[PDB]
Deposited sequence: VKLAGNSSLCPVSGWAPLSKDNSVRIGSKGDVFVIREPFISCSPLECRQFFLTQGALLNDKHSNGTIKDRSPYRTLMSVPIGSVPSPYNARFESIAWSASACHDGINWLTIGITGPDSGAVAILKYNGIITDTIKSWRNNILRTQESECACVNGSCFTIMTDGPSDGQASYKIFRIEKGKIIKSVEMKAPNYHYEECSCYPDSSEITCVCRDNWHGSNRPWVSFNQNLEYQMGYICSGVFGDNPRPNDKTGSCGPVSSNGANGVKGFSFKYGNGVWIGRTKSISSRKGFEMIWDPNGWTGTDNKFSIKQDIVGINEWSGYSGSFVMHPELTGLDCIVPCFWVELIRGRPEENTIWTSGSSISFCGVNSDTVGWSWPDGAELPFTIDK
């Protein structure tokens, strides 16, 4: 059954915990992979943790980096992981029928993204600008059988070319080049919402792009003080609810420490720095890191809306915690 993704995003009052690997304690004696850049994606039946490896075990870009996956919450061991693809940069999602994965491998000056569908190579995209072809490093968004992704090529400290793609069963059917001067969109975190795709990216405040299934797009910055224009970096995410926005961020402004969720009822379009709700995901005394979003579709949840969820990488990579939104009572987590 093909995923629809016509349903609006579910409203939430707070976030509750979903999963925690506990890999570092297990790998001190047992056999556990040293993982990097993990992300979570969900199918109609199960949620899984995808990660890039180097082939190294704990307590032991390159041609040897591969993409592997395990059931959410399981230890990423050589005896439980399922191979997906070869890549030093990768993304993945499910279209309701099978897994779609995208993996970039090859030369820095000639990288090729190999598109696989259900384990079979179906298509490839070659580096247009010949400068580190790279992708989302997160879940790709599927609406109506077709999946969408954002890919970049060029410099991480200047202006590089961006393209938005529409993929059907592993094939690229429609692509556009964005006209977005002075914008920087790396490591985009995307989710479906009422048949549209909304993405919040890393400006190396947060830029966003949104688009329809014909790849028509609009852009700007999240206006919230937590300018509607631009004001290094870390991957992150934000959810749009009308004019309100949920912004995930660290607690430190000089280091990647702590993590909190802030609800700003007018932050999408307003520039004020007022907010109503602040919940705590990670204490300021603990290291956090990169974060991103993923969703649980109605086909999986049994609900009439799309449930937003997110993950935080606790820094290679040591652990990956994740949370999902609820409309019931939840407390701050240290």
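Positions of the deposited sequence absent from the coordinates, in order: 61-69, 214-217, 240-251, 257-261, 346-355, 375-387.
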